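Only one chain is shown below, in structure tokens, and it's the form deposited in one PDB entry.
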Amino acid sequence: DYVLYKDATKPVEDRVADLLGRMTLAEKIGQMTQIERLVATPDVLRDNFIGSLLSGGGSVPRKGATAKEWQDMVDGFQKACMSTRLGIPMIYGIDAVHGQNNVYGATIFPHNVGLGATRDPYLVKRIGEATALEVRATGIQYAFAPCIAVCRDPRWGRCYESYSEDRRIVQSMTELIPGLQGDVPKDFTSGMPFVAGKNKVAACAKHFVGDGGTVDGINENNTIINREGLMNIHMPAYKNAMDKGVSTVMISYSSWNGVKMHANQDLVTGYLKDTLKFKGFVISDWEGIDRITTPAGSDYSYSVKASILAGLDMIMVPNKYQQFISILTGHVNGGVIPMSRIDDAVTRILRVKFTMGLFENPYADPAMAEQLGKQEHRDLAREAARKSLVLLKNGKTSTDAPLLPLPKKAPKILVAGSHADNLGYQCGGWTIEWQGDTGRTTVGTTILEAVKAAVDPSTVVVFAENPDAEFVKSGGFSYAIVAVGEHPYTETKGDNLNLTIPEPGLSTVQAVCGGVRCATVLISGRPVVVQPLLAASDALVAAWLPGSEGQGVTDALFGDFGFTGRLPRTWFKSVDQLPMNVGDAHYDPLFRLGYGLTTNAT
């Protein structure tokens, strides 16, 4: 007879109910299961009725894979899923968190902290738009973004993934969501999922909740704050996300007052689902349910019970799907987890899939491949990089001529420092590899390349990575641009109690600026100890992690545009002050939140 769920003209809720009513337990639990492409095969996907796949950081079909290679990979998986009895298409997720960043040749946008510096939500919306296109270029339908953490301590390795320590700024930047997904209709009910169609992607507000509030910025640790503080600081942007139709929410590894978020029924079900009326699906973090216990994974049966009863809908396993499916099936058969809970999880997963058009367009569009690294998107990244820059110093005394903007015509100039010609360093973590990497890892323009592209043809440009003082004094230079800062990092590898940049960095700045007037470009994911760098430098720019388009940096250095970025975080005098956020009683910053010098275009 007629099969309602296969009818594209029918309301989503009717299609959901019609399909749900046909499904076996195995088919239901399969929808709730997300697995790594590294463990996926056609038989696995078909036999286990798998609902989702992902690429974790650096999980790629081949180094240097083309957009079409990604499309072929995703379509291969999709063909297996579509060959099941019910033909429910899988959704494929990836961390596209500053562009489609795992992919070779994808445009790499500034990380969130720099976007916060721009105070420009419309810019961020347009970045969401470009990112959706580059993700769809690779056949992928689901981005694990935005991170709406409010980082309250820059010792956290994910501080760069937070737009600001100020929740108001984070709330404003939720505009990423309608960029990625499309704008919601005028009729729209807050909490409903939304994706406009095949040229957009499902988004994910993460990580719920208080991931940016952990003690001493220890990643995945305990957020110790009363309910009033949680609701006033860490929660608000989730409400904006509901209002904008975010399709999914990912749960945090962190705990709130000692209760694991992955086990917190009060917050996941009581608040997110029952109070905020969230109707999309809730996904775990990577082995998030494993990490409920100490040691992690030492009671996986408990992990499954606790997380599913808490209200999680989809589990990012991501590897041991056999164990997950077996345990969950056992719990349901034994009445420990009710069918109502399973049906709710599946209802939400199917709701997102039908809403976004996945049943109508389960396969990649080969015409989209050329969206990857498209020059217009690079022009946008370049605009964002330039707007993110915060000018902290522009002259050593009130009597000095401002160093910036620099003249494009000079007899000879010096470009120096570990970060002047290192594309991987300027992109930071979550670029090609999970932890990021060093050197020419993708298509882009380094600061050195940007300088050479900007200056008058008569200007001789000399590069020296770590010149000594004599080299500089003898070189006949008009000025120097020197770039130094943090190495790429992600998650726990970035947790750092001292926040001092690696050497050589300061020593290079001192040697260069001791010999010639010098503009220091600081590449970092966060405020770092900066007084010594300031003391040496004529001008100093906090460039954050500006991404693949290094010309954004030189657009401001050479006065094509004026500096406009303002600190989205407090710049501390010392790490012993931390945590120290705007509005605190003891507030003694080196530079307050919102500080930034300006220049005018030449």
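Between two forms, the rigid core is defined as the largest C-alpha subset superposing within 1.5 Å. Numbering starts at 1 and runs along the sequence shown. Only residues modelled in both forms are compared.
*Asks:* Between 140-148 and 400-408, which has the higher average C-alpha B-factor in the PDB entry?
*Replies:* The stretch with the larger average C-alpha B-factor is 400-408.
*Asks:* Given the B-factors recorded for C-alpha atoms, which segment has the greater mean, 429-437 or 258-266?
*Replies:* Averaging CA B-factors over each stretch, the winner is 258-266.
*Asks:* Choose from 215, 416, 130, 389 the residue with the greatest Cα B-factor as stated in the PDB record.
*Replies:* Of 215, 416, 130, 389, 215 has the highest C-alpha B-factor.
*Asks:* According to the deposited entry, which of 112, 466, 422, 100 has the largest Cα B-factor?
*Replies:* When the deposited C-alpha B-factors of 112, 466, 422, 100 are compared, 466 is largest.
*Asks:* Pull the Cα B-factor of residue 515 out of the PDB entry and bin it into the chain's lowest, middle or highest third.
*Replies:* According to the entry, residue 515 has a C-alpha B-factor in the chain's highest third.
*Asks:* Is the Cα B-factor recorded for residue 475 in the lowest, middle or highest third of its chain?
*Replies:* Its C-alpha B-factor belongs to the highest third of this chain's values.
*Asks:* Report the third (lowest, middle or highest) to which the CA temperature factor of residue 489 belongs, ranking only the modelled residues of the same chain.
*Replies:* As the PDB entry reports it, the C-alpha B-factor of residue 489 lands in the lowest third of its chain.
*Asks:* Could you place residue 504 in the lowest, middle or highest third of its chain by Cα temperature factor, using the values in the record?
*Replies:* According to the entry, residue 504 has a C-alpha B-factor in the chain's highest third.
*Asks:* If you rank the chain by CA B-factor, which third does residue 353 end up in: lowest, middle or highest?
*Replies:* Lowest third.
Just so it is clear, the following notes concern the form deposited in another entry, a form of the same protein that is not shown.
*Asks:* Fix the rigid core, compare C-alpha positions between the shown form and the other one, and report which of 582, 590, 25, 20 shifts by 2 Å or more.
*Replies:* That would be 582.
*Asks:* Core superposition done; which regions of 3+ residues show CA shifts of at least 2 Å throughout between the shown form and the other one?
*Replies:* When the rigid core is held fixed, residues 491-493, 582-586 are the runs that shift.
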